[PDB]
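Notes to accompany the following structure.
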Amino acid sequence: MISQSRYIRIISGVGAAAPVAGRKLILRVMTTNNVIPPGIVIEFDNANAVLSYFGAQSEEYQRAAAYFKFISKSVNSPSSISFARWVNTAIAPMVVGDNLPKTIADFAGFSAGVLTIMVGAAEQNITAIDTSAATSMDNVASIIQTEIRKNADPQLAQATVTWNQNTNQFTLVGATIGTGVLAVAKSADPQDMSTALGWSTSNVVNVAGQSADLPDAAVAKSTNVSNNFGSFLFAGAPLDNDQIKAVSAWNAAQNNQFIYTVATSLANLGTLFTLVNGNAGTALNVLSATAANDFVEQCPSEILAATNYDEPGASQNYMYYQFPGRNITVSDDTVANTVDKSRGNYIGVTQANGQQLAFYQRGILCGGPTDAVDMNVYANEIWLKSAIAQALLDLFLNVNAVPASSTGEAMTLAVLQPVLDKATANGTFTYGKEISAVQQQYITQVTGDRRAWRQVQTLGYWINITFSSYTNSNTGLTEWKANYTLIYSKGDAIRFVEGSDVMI
Amino acid sequence: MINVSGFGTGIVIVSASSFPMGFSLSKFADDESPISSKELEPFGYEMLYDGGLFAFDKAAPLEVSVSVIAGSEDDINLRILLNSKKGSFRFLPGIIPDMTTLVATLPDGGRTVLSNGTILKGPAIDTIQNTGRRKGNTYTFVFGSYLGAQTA
Amino acid sequence: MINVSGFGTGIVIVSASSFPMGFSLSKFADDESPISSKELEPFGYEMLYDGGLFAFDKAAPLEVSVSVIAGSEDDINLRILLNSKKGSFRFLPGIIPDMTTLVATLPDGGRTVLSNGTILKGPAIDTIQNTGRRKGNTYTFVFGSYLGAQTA
Amino acid sequence: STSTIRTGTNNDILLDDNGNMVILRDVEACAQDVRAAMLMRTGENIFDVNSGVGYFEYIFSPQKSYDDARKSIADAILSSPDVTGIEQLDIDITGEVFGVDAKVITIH
Amino acid sequence: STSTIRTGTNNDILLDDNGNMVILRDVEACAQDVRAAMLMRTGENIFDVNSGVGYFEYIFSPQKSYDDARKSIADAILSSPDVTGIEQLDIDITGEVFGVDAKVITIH
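Chains as they are written, first to last, in the authors' numbering: chain F, 1 to 504; chain N, 1 to 152; chain h, 1 to 152; chain W, 2 to 109; chain M, 2 to 109.
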């Protein structure tokens with residue numbers, strides 16, 4: 001008798017719901033699992049979705065389960081995660097096109113004249129396939145496989161098929177490895193499988209056979225597909241030193257965009273530190289040989305992802321956070337000093353015999369003398385760069401023209417003002433800190449104006465914009481560009497406490 | 001020889017809601033002072049019972065007056081700002097709804113920015129003087145953030 | 001070039017009861033300002049104890065002043081309007097007796113309408129300066145609502 | 002009016018050459034007690050919860066005001082049997098370290 | 002301190018695969034109960050008249066102030082066993098839709 005939803009609609013929903021728009025700082029995992037197509041990234045909002053897509057036995061489900069269950073000092077949760085594939089070895093071409101629960105065994109009555117068209121190197125067609133029985137989807141998959149094998153094409157002469165159950169896709173696989181391209185097209189035959197099957201209909205993922213590649217190239221391609229993440233990671237087996245060094249160098253090529261977190265043992269720190277001196281943006285974590293891995297390397301990523309940047313008082317310390325699930329690695333002063341000199345991170349135990357205290361101790365991060373070392377500064381710079389870029393693009397897209405005069409620079413200041421207000425309320429800027437003589441000289445050297453150090457001591461930042469002319473490499477013509485300089489006082493967090501008391 | 005001329009000064013006003021992109025002022029009235037302000041008074045003092053002196057901080061606003069030629073486009077824009085109603089504009093409160101930011105440039109290159117404030121008072125209709133002219137309209141702002149930009 | 005001349009302007013005044021059809025003003029005095037007004041203050045501000053600033057909304061009226069040559073027809077019309085007493089006749093609920101409407105036309109073509117108001121002060125008999133002539137009579141109005149239409 | 006057992010720079014009983022535990026008289030006992038109280042942390046005293054310095058909630062964690070840490074430390078310095086009042090408290094929070102300085106008042 | 006039986010997007014009893022009704026504990030029960038209370042409307046609850054939301058008197062009908070609708074909705078959100086206070090209420094009124102948004106506060 002007509003429905004409530006036509007006049008009144010309440011969505012409800014449990015608390016702690018925070019709609020957000022902007023750059024997301026979430027974990028990205030590069031895996032060697034076969035299920036993930038090479039060219040696609042997937043985002044999940046819950047551990048249950050990951051469980052349904054991958055299954056309990058998978059390492060990825062364990063990683064996601066550990067990752068999601070985490071609470072910061074201000075109650076918050078990562079609320080997102082992303083996945084991507086790294087092909088370790090050469091692969092055959094393949095296709096996949098189903099996501100929706102189309103499979104309810106509707107193959108009955110579809111036996112007559114199966115004319116699915118497979119667009120390989122040369123156009124070829126399939127013959128009639130019996131599906132009236134429709135006993136089981138694996139059976140009909142084997143039937144289709146046999147009918148494909150009936151063809152004489154080199155790629156289809158040894159092709160295979162596979163059907164997964166928890167997720168619902170149908171997959172083809174080519175014969176040779178590392179070369180070849182396949183395609184599938186629908187036809188005018190009314191009873192064709194391709195329309196009913198996942199492939200050849202709307203969003204269908206296709207794969208081109210191609211050889212093995214270095215991990216850095218894989219992560220570069222993944223970024224080229226999308227870059228809405230932070231603090232990526234390699235799962236599975238540990239990588240050797242050379243590959244890690246290459247990835248660290250590639251990450252350092254980008255200027256403060258992501259964090260490279262790796263896992264390693266105590267005996268291995270002597271090698272890596274010499275190799276990866278400088279190369280900012282890389283985190284080293286100590287792993288226990290005896291016990292299970294417990295995924296220690298994810299801790300900075302979880303801490304970063306839990307951070308909210310719009311609300312005030314956002315900057316947080318990395319020195320004191322407790323992970324009950326994880327294990328304990330170091331318990332002595334000597335080993336702690338050696339690890340600190342090696343610039344490593346770990347979970348150190350302060351005691352037994354009572355309630356235990358352990359926490360992810362060093363918030364330091366390997367890098368050169370010029371770049372920031374602490375993690376919180378790195379995260380704040382990431383957020384600041386993102387916000388500045390977004391503001392500038394908004395200006396360019398909204399105003400009709402930006403004259404190369406004082407009005408243009410006034411407009412630029414006007415646009416950048418809200419971002420600086422948000423930053424100073426957030427906590428990435430600090431005020432009142434004392435400035436050393438060498439620091440004052442450095443500031444005056446960087447920007448030609450003197451007395452700017454007073455500005456950065458009082459307000460915490462100093463900005464200036466000028467415009468000039470240049471010529472680009474692609475075309476001999478010349479254009480006009482704007483240059484700004486930004487100097488600000490870095491944020492800090494408490495690590496060590498000094499005290500003293502006198503009786504009188 | 002120090003050049004204190006005010007020729008070529010430009011001012012840009014941007015508003016949170018009414019004028020999200022902002023406009024510029026270039027036509028400044030002739031008979032009235034184009035821009036002026038009251039003196040900042042951020043410190044106080046009181047005399048002690050002994051005879052000494054004590055000094056302390058104090059809250060202090062900033063007021064700015066701007067005058068333009070009647071009938072210009074800038075007059076229309078500031079009239080829109082004045083007529084905008086604060087009670088409306090459903091928006092997140094506590095941040096001074098419809099915050100307005102002003103940026104002013106000096107001929108040398110000096111730039112100053114002021115935020116956390118809104119227009120306060122101004123005229124409603126034009127005024128005729130005995131000479132037959134129209135008096136230059138004047139508007140008054142107020143700001144809270146004394147952003148110390150005096151770059152060269 | 002901006003033409004800010006006031007020559008050629010005109011005023012039309014409509015009254016609810018005394019002058020249902022309205023009359024026109026054309027003879028404006030010389031020694032005193034023809035049309036004058038006070039500043040409009042629809043906004044206010046208050047200080048917090050932490051040093052911040054808070055801005056709110058305030059109710060403000062609008063006052064207008066006109067002056068005409070003594071002895072003209074407009075002077076006696078305004079005298080009748082002033083001498084009309086609000087005690088007599090009746091009114092629709094929440095309307096104010098004798099809601100007087102004023103329409104002013106600028107020479108270029110722009111104009112403005114003002115409503116919800118009435119006259120409130122004026123001269124009663126002529127004044128004579130020591131030079132031997134008569135002062136220009138001045139009258140003051142007040143209005144609650146207004147508008148702007150500056151295109152023609 | 003107070004007394005306690007002398008301990009070294011580490012929080013262990015210190016014995017003299019003769020092998021005799023010494024009972025410190027007033028003043029010095031007050032210094033030992035206030036040092037121990039400021040070093041004792043919250044959530045550890047079984048049979049008296051909510052006593053100690055809330056380091057992990059009030060200092061190490063990111064905070065808004067820092068007044069709460071000052072109140073907690075001032076309370077911790079108090080509750081000693083002999084301490085009367087606090088004269089100074091600084092809370093430098095300069096550089097990387099969280100500086101603290103205080104001078105207290107005893108009856109004697 | 003509250004509990005109820007889970008229902009689906011339509012207001013009918015929802016059963017799991019095992020065929021057992023589930024008794025939701027707190028928090029989630031609060032969400033279900035507050036949704037149901039806001040969806041009830043006044044005038045039909047026998048044994049307690051004048052409880053519900055006056056839709057046809059205060060929202061759908063042409064009105065002067067719209068404050069009464071806000072009061073009625075605030076009351077309907079209250080009277081739940083666990084709800085303590087209301088943090089926000091919006092009442093948008095944009096286009097044809099009558100936007101409503103709220104954030105509720107519970108003991109737990």
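Every residue, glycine too, gets a C-beta built ideally from N, C-alpha and C.
- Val113/N is positioned such that its CB atom lies no closer than 8 Å to that of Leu62/N.
- Any Cβ of chain F closer than 8 Å to the Cβ of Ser24/N would place that residue at the interface, and such an atom is present.
- With a 10 Å radius around the Cβ and a threshold of 16 neighbouring Cβ atoms, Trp453/F comes out buried.
- Taking a Cβ-Cβ threshold of 7 Å, none of the residues of chain M is close to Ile2/F; the smallest such distance is about 13 Å.
- Residue range 241–253 is occupied by the alpha helix (DSSP H) that includes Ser248/F.
- Chain order gives the chain F residues near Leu40/M as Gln4, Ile8, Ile10, where near means a beta carbon separation below 9 Å.
- Here DSSP, grouped into helix, strand and coil, assigns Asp216/F to helix.
- Secondary structure of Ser24/N (DSSP, three-state): strand.
- Collapsing the DSSP output to three states places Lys58/N in coil.
- Assigned with DSSP and collapsed to three states, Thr5/M falls in strand.
- The region 66–75 of chain N makes no contact with the region 355–370 of chain F, as fewer than three CB pairs between them are under 8 Å.
- Beta-carbon to beta-carbon, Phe110/F and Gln191/F are separated by about 6 Å, close enough to satisfy the 8 Å threshold.
- The beta-carbon of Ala32/M is placed less than 8 Å from the nearest beta-carbon of chain F.
- Neighbours of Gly53/W in chain F, taken as residues at a C-beta separation under 9 Å, are lacking, since the least C-beta distance is about 13 Å.
- Residue pairing from DSSP places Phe44/F in a beta bridge opposite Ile81/F.
- Here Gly100/M is not bridged, per DSSP, to any residue.
- The C-alpha of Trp383/F lies about 41 Å from the C-alpha of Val181/F.
- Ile71/F sits in coil when the DSSP states are folded into three classes, being neither helix nor strand.
- In the DSSP assignment, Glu88/W falls within the unbroken beta strand (DSSP E) covering 84–90.
- Judged by DSSP in its simplified three-state form, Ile14/M adopts strand.
- Closer than 8 Å at the C-beta level to chain M, one finds these residues of the region 11–25 of chain F: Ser12, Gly13, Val14, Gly15.
- Per the DSSP secondary-structure output, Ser67/N pairs in a beta bridge with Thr138/N.
- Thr105/N carries a strand assignment under DSSP once its states are collapsed to helix, strand and coil.
- Taking C-beta separations shorter than 6 Å and ignoring five residues to either side along the sequence, the partners of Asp31/h in its chain run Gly136, following chain order.
- In the three-state DSSP reduction, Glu58/W falls in the helix class (H, G or I).
- Sixteen is the threshold: since fewer than 16 other Cβ atoms of the shown chains lie within 10 Å of the Cβ of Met41/W, the residue is exposed.
- Exclusion of the five residues before and after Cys299/F leaves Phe323, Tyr360 as the residues of its chain whose Cβ lies within less than 7 Å of its Cβ.
- Counting only runs of 4+ residues, the alpha helix (DSSP H) found wholly inside the region 371–410 of chain F occupies 375–398, in chain order.
- Residue-level contact by beta carbon holds for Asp30/h and chain N, with a gap shorter than 8 Å.
- Rounded to the nearest angstrom, the Cβ distance from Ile177/F to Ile148/F is 18 Å, too far for a contact under 8 Å.
- At a Cβ-Cβ threshold of 8 Å, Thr151/N and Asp449/F count as neighbours.
- Of all residues in the region 116–135 of chain N, those with a C-beta nearer than 8 Å to a C-beta of chain h are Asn116, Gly117, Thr118, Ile119, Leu120, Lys121, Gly122, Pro123, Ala124, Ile125, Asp126, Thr127, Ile128, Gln129, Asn130, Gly132, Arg133, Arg134, reading in chain order.
- Per the coordinates, the alpha-carbon of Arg133/N lies some 34 Å from the alpha-carbon of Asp98/N.
- For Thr458/F, the chain N residues whose Cβ falls inside 8 Å of its Cβ are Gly148, in order along the chain.
- Annotated three-state conformation of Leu147/N is coil, per DSSP.
- Leaving aside the five residues that flank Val402/F on each side, the residues in its chain whose CB is nearer than 6 Å to its CB run, in chain order, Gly408.
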